[PDB]
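Listed next as structure tokens is one chain, alone, in the form deposited without the DNA.
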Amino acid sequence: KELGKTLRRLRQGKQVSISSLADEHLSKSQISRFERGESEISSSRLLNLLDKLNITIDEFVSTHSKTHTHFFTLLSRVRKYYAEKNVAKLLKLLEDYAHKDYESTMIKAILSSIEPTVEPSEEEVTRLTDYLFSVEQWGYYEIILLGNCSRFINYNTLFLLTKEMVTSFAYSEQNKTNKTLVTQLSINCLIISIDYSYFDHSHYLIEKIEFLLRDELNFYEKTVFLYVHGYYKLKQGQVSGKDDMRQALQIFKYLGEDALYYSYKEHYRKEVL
């Protein structure tokens, strides 16, 4: 509808003629009618055009519109209403997703942190975990659902799901945005393993987190891991973990991350001191 106009603008900005893009299975008329909005074009031909023009399909669609993934839109709306503490609008979003079981479960799980009246039932959570167990390629969808619902999942199932998510990611194409989320959820499961004294699970998650952080930047996850791993060493007898936690606090302080600094500081004063 308007995809053609986006293609024309980017194509012309690169000074690439339509005649230079045409070949045996892509004519100049097919490109022109698409750019003019007079005809659609096959997805394989668009991907061929974007490849010749060195435009990722992600850059192409995001230039056209921000409305192309309803799940990500739902996450941004929830992110907005949660910051506003807009209870009413979150419950309205819950009514929009009443026919979507997993999404409504996730909305109710997020809603509970600011309104204990709303809570996902155990049958709803079990349906979600059953879905996540049956998934063999963990994607952005699955990772976000687990992370935003982990508070209503028992530790045994949460650790089993985490291990399968990490394993599934290791055999994947290694999407970098998903890697970051998989790393953050593994650290969140590591925290709970240390607090509950499941040091066998803790040692396992530590080795996977180190693997996920290797040859990556991701200084935020490394900073959180420094604190959490030091917390593990403090409960294992090593007093050096106390130095690790203090260094992680200094990192938050030096970078002006006041919210993270004060959030971890009171945790350091409660469970360590």
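We number the residues from 1 along the sequence you see.
Another form exists, deposited with the DNA bound; not displayed. Remarks below refer to it.
### residue 41 within 4.5 Å of the DNA in the entry with it bound, heavy atoms
Yes, residue 41 sits close enough to the DNA in the entry with it bound that at least one of its heavy atoms falls within 4.5 Å.
### Task
Report yes if any heavy atom of residue 25 sits within 4.5 Å of a heavy atom of the DNA in the entry with it bound; otherwise report no.
Residue 25: contacts the DNA in the entry with it bound.
### Message
Considering non-hydrogen atoms and a 4.5 Å limit, does the DNA approach residue 65 in the entry with it bound?
### Response
Answer no; every heavy atom of residue 65 is more than 4.5 Å from the DNA in the entry with it bound.
### Message
Although the partner isn't part of this model, could you tell me whether residue 235 comes within 4.5 Å of the DNA in the entry with it bound, counting any heavy atom of the residue?
### Response
No, residue 235 sits far enough from the DNA in the entry with it bound that none of its heavy atoms falls within 4.5 Å.
### Query
Hey, with the DNA in the entry with it bound, do 163, 167 and 179 all fall inside the 4.5 Å heavy atom range?
No, none of the three is in contact.
### Message
I need to confirm a contact call. Of 10, 251, 18, 260, which residue comes within 4.5 Å of the DNA in the entry with it bound, counting heavy atoms only?
### Response
The option sitting close enough to the partner is 18.
### Query
Among the candidate residues 246, 52, 36, 70, which is the single one with a non-hydrogen atom no more than 4.5 Å from the DNA in the entry with it bound?
Only one option qualifies, and that one is 36.
### Message
Among the candidate stretches 217 to 225, 55 to 63, 27 to 35, 238 to 246, which one is within 4.5 Å of the DNA in the entry with it bound when only heavy atoms are counted?
### Response
Result of the contact check: 27 to 35.
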